[PDB]
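Given next are the chains, with one letter for each unit.
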Amino acid sequence: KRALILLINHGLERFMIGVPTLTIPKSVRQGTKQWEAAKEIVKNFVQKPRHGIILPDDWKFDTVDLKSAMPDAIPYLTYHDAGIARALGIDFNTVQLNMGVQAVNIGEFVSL
Amino acid sequence: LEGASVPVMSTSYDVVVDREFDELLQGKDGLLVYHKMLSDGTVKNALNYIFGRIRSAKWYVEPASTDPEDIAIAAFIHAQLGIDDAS
């Protein structure tokens, strides 16, 4: 459950804002004014997405196309939460975990 | 008759040896798997429910007849077991 929460926290940062990529020619190296300008463009795409992007005719700003939708991890979270509450030996009605599964009809001579 | 001339034979065959055919579950290595299955939520839940429902079965000693000797030895072994919780 903890590892899956960290996977969702790493996945939403990709599927909700999109990782930016930017291609420059080889003339620009690190520590230059153009390098700082490219840093400023990427930082403004992350932080202030309303100043827009203004590029020279050689630079190709793009988002990295993951080419797949984000898979629904909610059933896996409910599965491991069901595993915890099942290992504790308690029904899913007292602890609030009854989510779309049917209520108990009559039950047995006693409950769980 | 004289007696039982027929011995209690094994349940063994060429592959199945003593009610088991898997070599992983053959000897005491199967006890390791049976102990590691206690780390499951489903298995421990079912075992806790079944054993707790066994422990609240309302047991009672039933004697042999209505003779006071049978009632005496029944109450004797009832005190030996302690069906009432503590002793």
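Residues numbered from 1 in each chain as written, not as in the entry; some residues may be left out. Chains lettered and ligands numbered in written order. Part of a larger assembly, values for the part shown. Heavy atoms only, no water.

Per the PDB record, the structure was determined using cryo-EM to 3.74 Å resolution.

Caption draft 1: Structural context of the side chain of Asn45 of chain B. Checked against the element boundaries, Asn45 of chain B lands in helix α2 (residues 41-54). A distance of 3.3 Å separates the side chain of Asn45 of chain B from the backbone oxygen of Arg86 of chain A, its partner in a polar contact. (Helix = DSSP H or I, 4+ residues; strand = E, 2+ residues; numbered from the N terminus. Polar contact = N/O pair within 3.5 Å; in protein donor to acceptor, adjacent residues only side chain to side chain.)

Caption draft 2: The interface of chain A and chain B, seen in detail. Taken together, the contacts link 9 residues of chain A with 5 residues of chain B. Across the interface of chain A and chain B, roughly 600 Å² is buried in total on both sides, 56% from carbon and sulfur atoms. Where chain A packs against chain B, one counts 0 salt bridges. Our count for the contact surface shared by chain A and chain B stands at 1 residue pair in polar contact. Residues that form the side of chain A that touches chain B fall into these classes: 4 nonpolar, 3 polar and 2 charged. (Contact = heavy atoms within 4.5 Å. Buried area = accessible area lost by both parts, 1.4 Å probe. Salt bridge = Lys/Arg side-chain N within 4 Å of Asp/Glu carboxyl O. Nonpolar A, V, L, I, M, F, W, Y, C, P; charged D, E, K, R; others polar.)

Caption draft 3: Local environment of the side chain of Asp70 of chain B. All names here are of chain B. Relative to the elements of secondary structure, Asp70 occurs in helix α3 (residues 68-81). The buried charged residue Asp70 lacks any salt bridge, with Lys58 as its nearest oppositely charged partner at 26 Å. A distance of 3.1 Å separates a polar atom in the side chain of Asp70 from the backbone nitrogen of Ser65. When residues no more than four places from it in sequence are discounted, the contact partners of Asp70 are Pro63, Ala64 and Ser65. (Buried < 20%, exposed > 50% of the residue type's maximum accessible area, 1.4 Å probe, protein only. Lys, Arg positive; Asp, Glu negative; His and termini not counted.)

Caption draft 4: A nonpolar patch on the surface, seen in detail. Residue and element names in this part refer to chain B. A cluster of nonpolar residues, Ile50, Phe51, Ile54, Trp59, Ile73, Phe76, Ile77, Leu81 and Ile83, forms a patch on the protein surface that exposes about 930 Å² of accessible area. Contributions of two or more residues to the nonpolar patch are made by α2 and α3. The dominant element in the nonpolar patch, judged by the number of residues it contributes, is α3, at 4 residues. Relative to the elements of secondary structure, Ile50 occurs in helix α2. Taking relative accessible area as the criterion, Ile50 reaches 44% and is therefore assigned partly exposed. (Patch = residues over 30% accessible without salt bridge, like charges linked within 9 Å, V, L, I, M, F, W, Y side chains within 5 Å. Areas by Shrake-Rupley, 256 points an atom, 1.4 Å probe, with all protein chains shown as cover.)

Caption draft 5: Structural context of helix α2 (residues 33-47) of chain A. Residue and element names in this part refer to chain A. Taking 1.5 Å of rise per residue, the 15 residues of α2 would be expected to cover 21 Å, and the 20 Å separating its terminal C-alpha atoms lies within 8% of that figure. Turning to α2, its buried residues number three or more, namely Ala38, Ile41 and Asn44. Looking down the long axis of α2, one finds its buried residues gathered within 125° of arc, a one-sided arrangement. Contacts from the buried residues of α2 go to β1 (20-23). For α2, the side-chain oxygen to backbone nitrogen distance between the N-cap and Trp35 is 3.1 Å, and the N-cap itself is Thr32. (Expected span 1.5 Å × (residues − 1). Arc of directions from axis to C-beta.)

Caption draft 6: Spotlight on the packing of helix α3 (residues 74-87) of chain A against α2 of chain B. It is the contact of α3 of chain A with α2 of chain B, at a shortest axis distance of 8 Å, that shows an interaxial angle of 30°. By the angle class used here, α3 of chain A and α2 of chain B are roughly parallel. The way α3 of chain A lies across α2 of chain B gives a crossing that is left-handed. In contact with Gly83, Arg86 and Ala87 of chain A of α3 of chain A, α2 of chain B contributes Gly41, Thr42 and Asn45 of chain B. Each residue belonging to the contact of α3 of chain A with α2 of chain B can be placed in one class, and the counts come to 1 nonpolar, 4 polar and 1 charged. (Axes fitted to C-alpha atoms, helices over the stretch in contact; angles between N-to-C directions. Parallel < 35°, antiparallel > 145°, perpendicular 65-115°, else oblique. Left-handed = near helix turned anticlockwise from the far one by under 90°.)

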